[PDB]
Amino acid sequence: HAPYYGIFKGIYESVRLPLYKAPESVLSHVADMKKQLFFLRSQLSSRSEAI
Amino acid sequence: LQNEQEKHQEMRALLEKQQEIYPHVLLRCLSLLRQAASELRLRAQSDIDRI
Amino acid sequence: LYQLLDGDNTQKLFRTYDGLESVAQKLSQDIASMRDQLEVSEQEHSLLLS
């Protein structure tokens, strides 16, 4: 019933963060996702070069 | 779980290395066979058989 | 959170919660899109090897 629950529920689902997780984990998780994106880009570039 | 994730990343790195080396080795084999077919069988040996 | 997702210090004068959810969805889509590209690239590579 908290005023911002509906909005943040939507944000958790968008970043694939489970609802049972502590709210303090949201920024760390998003940071890791960005890290993963960088890694995937690097892998794609390496593979494209190898091909 | 953390250990298995680290193992996964290591294995992935090894797999990528092997996928990089394997096509080059195939190309070297193909190059040798091409030499045997074009320079030895169609040219050198064919001339010998005729004479 | 908005700064972490948008990267661009573009001092947007007005940050909305709807905008925040959209930028978060984009990151997830970018990761999904990158994984799909990698998979395609892996198929291309596999075809070449075959």
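Chains as they are written, first to last, in this note's numbering: chain L, 1 to 51; chain R, 52 to 102; chain D, 103 to 152. All residues carry an ideal CB built from backbone N, CA and C; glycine is no exception.
Could you give the DSSP three-state label for L/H29: helix, strand or coil? helix
Does L/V30 pass the burial test, meaning 16 or more other C-beta atoms within 10 Å, or should it be called exposed?
buried
Check your understanding: Looking at C-beta atoms only, is the number of pairs between the stretch 71 to 90 of chain R and the stretch 7 to 23 of chain L that lie closer than 8 Å three or more?
Key -> no
Could you name the residues of the same chain whose beta carbon sits closer than 8 Å to that of L/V15, not counting the 5 residues immediately before and after it, in chain order? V26, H29, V30 and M33
So R/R94 is in the alpha helix (DSSP H); what residue range does that whole segment cover?
From DSSP, R/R94 is part of no alpha helix (DSSP H); its letter is neither H nor E.
ask   = Where does the unbroken alpha helix (DSSP H) through D/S152 begin, and where does it stop?
value = Premise fails: D/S152 is in no alpha helix (DSSP H) and is neither H nor E.
Under 8 Å, Cβ to Cβ, is there at least one residue of chain D near L/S48? yes
- Message: Given this structure, state the Cα-to-Cα distance separating L/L19 from L/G6, to the nearest angstrom.
- Response: Rounded to whole angstroms, L/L19 to L/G6 spans 12 Å at the Cα level.
Compare the C-beta of L/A22 with all C-beta atoms of chain D and state if any pair is closer than 8 Å. no
D/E123 burial status per 10 Å Cβ neighbour count (16 or more: buried)
buried
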